[PDB]
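Peer 1: sequence-free structure coming up:
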Ligand SMILES: Cc1ccc(CNC(=O)[C@H](CCc2ccccc2)NC(=O)[C@H](Cc2nc(C(C)(C)C)no2)NC(=O)c2cc(C)on2)cc1
Ligand SMILES: [Mg+2]
Ligand SMILES: [Mg+2]
């Protein structure tokens, strides 16, 4: 798995891969590792497929409940802290998850929290999570400017996932792209690595390590 | 979490045109010590069901108690207890299957493998297996332990698939079973010469035979065998 | 495995069951456990089959050589060769051997070589997993200077009890009679000895 | 430990040796392994001394409560109480118990409860580490309906063989006689039984 | 090992804490605050096992704030540190102990003394002129044994820490990404938010 | 949990009234067993005949019949059954009848001890064959029970008791199971005299050493008709 | 020590069509190197037009199917006989599995039916509740032998239009039920040749708006 | 530790050595191992010293309450039963090994109790590391119908065998004699055959030898 | 990593003529790392003194527990707890945690305010009482302390002499142990007055 989220001039970019494995068995190439929590909140999933899917689907239930109780969208801080507090109750029982809670609110502006099953909760501008994280960081960190145009940031995220899909055996499938503004998230499509690699190679002139 | 102590070996069975046969030897082993020789591991329930049990004997005896009072309970406020609301083989099995699987799920198994042989009131033959893990399956023939490895191949030569069942007569089937019991006595170090056999027939009902012996054994060829390779005398 | 050797008036008899098992599976119901290492020196093997066959093969080799050079070896000499092999390699051997033989001077003799590789000279000896069940019976029924037919009876009875209780024992009872007359192979089938 | 119980013509006799060991040290050479749980229901204990004493104390209690409410219990009932305790607590017990009682309706009876907690009704039964050495002997020598003196001899002989071969057994031989006539204690000393 | 340092000068207490958060083969963050304000004159710094660290700090914070609001009064550093100690000493024998080490730096207004308390996850409490948790202590204790004076000013204390950090950058195996520094005096708690390139 | 000033328990006393108000039921001991019988009021033509069984078995060897609140009776039998199971589990043998009697005794009696429980509104007639004979018992709402040669409870208890008294006096030698079945049919017919505004169905059960091998069984078909016939005969 | 788990072999396959779905499995049940049964079905009709298989440890598989059938029964009771949609069943199965996250059902479970629009649907779950809707899926002992074939023949992966040089992928099409049954039977003859735990018989369940139809085929008994 | 018990014709005696250890180090050169359960029921322990102590006091406490409740002298078989049931409940984790001995209205009693909860009765017993050195003396010299003087001599000799020959045992011999007639007599340091010899030199320091940094008076009261 | 070793420390107490002494080191370490120079290990609850070695968290906890209990004792009994009785309170308090003990070796020192006689005692971690009247030792240098004491000690020492003996015993034992030292305090105790001296020792 490779998942990333970064903050910038024009909001937040969130990009993830779509591969599930069991040992060396490639289990699926079409898995959805981003959860749409409400029109202003996203969660990303890395680690155990069930752990992530279950508890983040649950997180959506708890966020909806906050809307009804307080007549108001939950803050990213508090949404992340529900997940983080739950996961902490379970510490030691062997849950395995690393996630990012991303979204906009009027009070916070665009916000990203990294939450993992150790109980770690961090606010920050740039996160990559999963077995492929280091491959992502390398591309992302060396091209990241705060001033990126929406178009260029979208590409950077996409390209960083491509990077990790290529080098990480446990990453691949496709890229799912999201952009998060004041108006909420916008989905920027699914991109098969099968097709994307060749297109990017030819157009960017990179991946010269690769034959043909 | 436990370990079997006093044990019983294979239980074997098959179904013929009118019913089901089941057999089991009369031994209770204690590791390699052939300790107790008068042990009944076929348990009749009513007169349409026999429950054959292998594995731990203490647990076998607990399952006995469970079945006896399952018959008692069924008679309570039940004017049809000896008729339409009699216990069925399928009921008795589903009960045992439930218990087995709950016990493994509590990490405290009944250390057994069980075959439930009987005839349903509509006439259908019933033959089904459940064991310490709560795994269940049905087949024209079934056998536990060494029976699984040696008896099944022999009995399947008589009944290979479902359609072979109308073709199989009680005589043929009892012959196959009595022969497989001899083979098991030849090769199973935890087996005994004495056994019990039960037939549940849709016409004859339950015939229960005790104190059968493995007869007509081949040993004479033994005398000619000397040494382990080169030795001549 | 149930194995024994008994000295009597005229010589010595060796007896054994014929069962070999890997786990609860009977690999062989008709094994010959009575093994000749010289005309009138035989042994009974228990423990690892590989180990005891390899040992028996080496002893037979040493006694064939002994005989070419120095004549007929005593039963004591046979026993010593076994001990030597068993003691010196005690770290990679599971071998329990009973040595029995007849010559004209020392008459009938029995030696037992258990797991350590020690040697023990005895009027009779039992061994194998099944032997444990007959310690009391044997001690109670053995006499010195028994006739041939009496001894065949003692071994037959003892080994039937051992076969009855030990699951590793079973099959037929084999025997070998060793006297001045020569060498006699005996066999007894389950239908005879169970009825005792 | 060597323990046995034998049904006969007039009732049942319980016998045992008197040795308790920790490792190779004889902690007690004059132990009493014959345990009263009711007037004419006794048992023999093998396995963990703690577990068997705790168990016999609870059964004694259960049978005393039984008597007060329902009259004298049958030997079967006594065996059932042992089984309940031994089976239901098998993960934490190392208890091998032989139950033997005299009764006016059912005469002499013997029940054996080995490690699992299973129950077996038998003509006679043997247990304890020392019992392995007398399986053959006992199976060859036991007959039904023996006279009192014959059963005393059968137990005396059997146990002396068990004592002779088991290091964990030894000391004196204790017996408890259970018939209509009452309850009799017999003791036998090394000088007596070693001769046999 | 994260770096948690505390130095008690004449009129204040200074805490320096490493900014790095590292899981595995990645530095995830280079600007972490390993500190919770407990009351206007009491500050706690923490290091240890991943999740336990913040959950504990924030539970301690909640309890102290509650007490303040209930009594309209601020507990002394001596009192807060005893609360924390007892909490850890309870935790050490529970089903799953908190694996957190702490420094508590406070200014006692009744006494007008600054105070530094070192407490490990076992609940071992001690008051010290300077303290540290983890490997970092193996370098700083001796350094400070030499350079520290009981009557130093706050500006002098900050030069003492600069030595400590520079030493830790020369000799520690891992990049702890510099330290956040905070001062607790009579005027409360403030951050020297310019320690890195200075 | 309240004694009245005369030493009686007024709540138990009112329970008795509820029993006296019920259908009449009986038990007769014979020389190798017990027979039980009950009056089933035919409320309506719509009741399915033979289908509203009042008599209940406990274990395999014990019969139970009662008068009063039928639900109270069923509760008691359920408990009797657990008390039977629990006994067999521990002691192997099936529960002796005196022992089973005290089990119901103590339980019924317990419901007279506390102010938050009401006593049972039934008297129960029960019994069977155990290892040393046949036993008949009747248990009142107080938990009082004794052994009986013959027993009756319900609306027609007095007329039934008088008939029983006659048999005891005229059969010191003992009655037979076969016979007691007919006699029970007679007695229920005689007892129906004090409840005759409704038609009734007869129900009989027995536990005889030689007629049932000491197990509880219902009286159906041939034998039930012979009993009805015999009772119809000595009323015309 | 007692091991609460076992492995009874077998192999299951789900394919979704435009307006149908199939869920197939072999009928063989095994332990180590023994055959327990040549005909023990493990694909079941669960009512509401849903078929379900839970392959792996058969004790766990049976418990799960039992529990889902019951879940359907109570859904009807609690919710005025409403039809349980395939997505709703799926989500419910997630919860069943996850309830045992710390003592899991060792099964790969697959379900098939039709979505609200009448389209063929296949969902598959890992042993602890993770799930996804797919076009096709193999489970069990021989999944690794079959999944690549399905990727190739069902989703046309690595296939290109001849002469486009490798620039234009073969367009993805829906398969007819005849075409799908051909694939299932071939997948299973392949799997039987090469996996020792696969054989004896093939039982296919087909789900359309007309209900649930059942077909059976002999497989190699060795 | 060596502890013994010896029954004589009119009662019972217990003796023990007075060395307690911490691994190879002697902690207390004259500890009292002989405990009182009640005035005429005395106890000797080995194994975990805190366990034998605590278990003795708990049961002594309960025995007193029992005695008051029943208006009877405590019985030894009651100490026995209470001890063995408590120990058993704890499955050996209370490492108490005891020789219990006393007189009561039914006579004189001698038992041993092991940490797991097993009891034995005997005429003479021993426990602790010196157990075997003491038993050797007892098996050599015990005879039936010993007098009071003889039983003290025998018990004392057996403790001595432990003192000299067992490294876990040393120093002095404590005895307690319980006769059916009178009160129990506790003979503390009945033998003192291990007096430390006079030191070769005094190690009294000239005052001012130790260097002091500071000095203050400490306040007790308020 | 064995809890009785993580922090280090020693306590010793001795009886003299109409007096008692209790002394301890001041080191608090974390294995090899010396951490604190001022960690005293002797506490008093009235005229009754308690020294505690072992896991320093348990040392603190026990002090806070015996302060609690002796405060409540004083309020109900209307007098201060005595040495003999405190000993028993210590013993039964420790045994109460029999299967999760405090990792400590406590030492009690004080004079009976009524009988006037000197009293010392020690305990293992589960409250077994060591009832020596001569001396009691505890901590990571116990072996060394045992040798110093048995050699140096003699009965009926005067307060001023007893000071010297107990000081020499402690100092020389401390210096043959890696985990003890770093300072020392000696309490000399009489029925009327208590002097506390800090000792000058090797700081390595
Ligand atoms: C929605 C979604 C899907 C996929 C992902 C990425 N993770 C994954 O792909 C992880 C990687 C392995 C892992 C890492 C850390 C902890 C546990 C397991 N894989 C996973 O969780 C697999 C999924 C799977 N398993 C299977 C079979 C049926 C076992 C062949 N087919 O798919 N289940 C497991 O590893 C698993 C094993 C057990 C037991 O329970 N779940 C994230 C989020
Ligand atoms: Mg055999
Ligand atoms: Mg140093």
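Peer 2: Yep, that arrived. Numbers count the residues shown, from 1 in each chain, chains lettered A, B, ... in the order given. Ligands and ions are numbered 1, 2, ... in the order given.
Peer 1: was I right about residue C:6 contacting residue C:98?
Peer 2: No. Look at residue C:6 against residue C:98 with CB atoms under 8 Å: they stay out of range, at 10.3 Å. Any C-beta I mention is one placed from the backbone N, CA and C, and that applies to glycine too.
Peer 1: any idea how far residue B:185 is from residue B:191?
Peer 2: From residue B:185 across to residue B:191, the span is 5 Å (CB to CB, to the nearest Å).
Peer 1: what about the two, which has more around it?
Peer 2: residue B:191 (27 against 19; other CB atoms under 10 Å in any protein chain shown).
Peer 1: Next up, the contacts around the more buried one.
Peer 2: The contact partners of residue B:191, by CB atoms under 8 Å, 6 or more residues apart in numbering or on different chains, come to B:9, B:10, B:25, B:27, B:146, B:184, B:185.
Peer 1: what is in contact with residue C:6 and residue C:98 at once?
Peer 2: Shared contacts of residue C:6 and residue C:98, counting by CB under 8 Å, 6+ apart, come down to residue C:110.
Peer 1: These two: which is more packed in?
Peer 2: Neighbours per residue (other CB under 10 Å) separate residue C:6 from residue C:98, with residue C:98 holding more: 30 against 27.
Peer 1: tell me the SS of that one?
Peer 2: With DSSP: H, G, I helix; E, B strand; the rest coil as the basis, residue C:98 sits in strand.
Peer 1: who does it bridge with?
Peer 2: With DSSP bridges as the criterion, residue C:98 is bridged to residue C:44, residue C:112.
Peer 1: Could you check how far the host helix or strand of residue F:231 is from the centre of its chain?
Peer 2: For residue F:231, the element it lies in under DSSP states H and E is helix F:221-233. Distance, stretch centre to chain centre, for helix F:221-233: 20 Å (CA atoms, centre = their mean, to the nearest Å).
Peer 1: Could I get the buried residue list for it?
Peer 2: Across helix F:221-233, burial judged by 16 or more other CB atoms under 10 Å in any protein chain shown covers F:223, F:224, F:227, F:228, F:230, F:231.
Peer 1: Now do the helices in the chain.
Peer 2: Here I'm looking at chain A. When secondary structure is read from DSSP state H, chain A shows helices at A:49-70, A:76-89, A:133-141, A:150-167, A:193-204.
Peer 1: Can you look at chain I instead?
Peer 2: Going by DSSP H, chain I shows helices at I:56-77, I:83-95, I:142-152, I:159-174.
Peer 1: do the same with chain G
Peer 2: Going by DSSP H, chain G shows helices at G:58-78, G:86-98, G:143-153, G:177-194.
Peer 1: Mind putting those helices into JSON lines with mean neighbour count and distance to chain D?
Peer 2: Below are these laid out as JSON lines (neighbours: other CB atoms under 10 Å in any protein chain shown; distance: least, CB to the nearest CB, whole Å):
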{"stretch": "helix G:58-78", "mean neighbour count": "18", "distance to chain D": "23"}
{"stretch": "helix G:86-98", "mean neighbour count": "19", "distance to chain D": "31"}
{"stretch": "helix G:143-153", "mean neighbour count": "18", "distance to chain D": "39"}
{"stretch": "helix G:177-194", "mean neighbour count": "18", "distance to chain D": "43"}
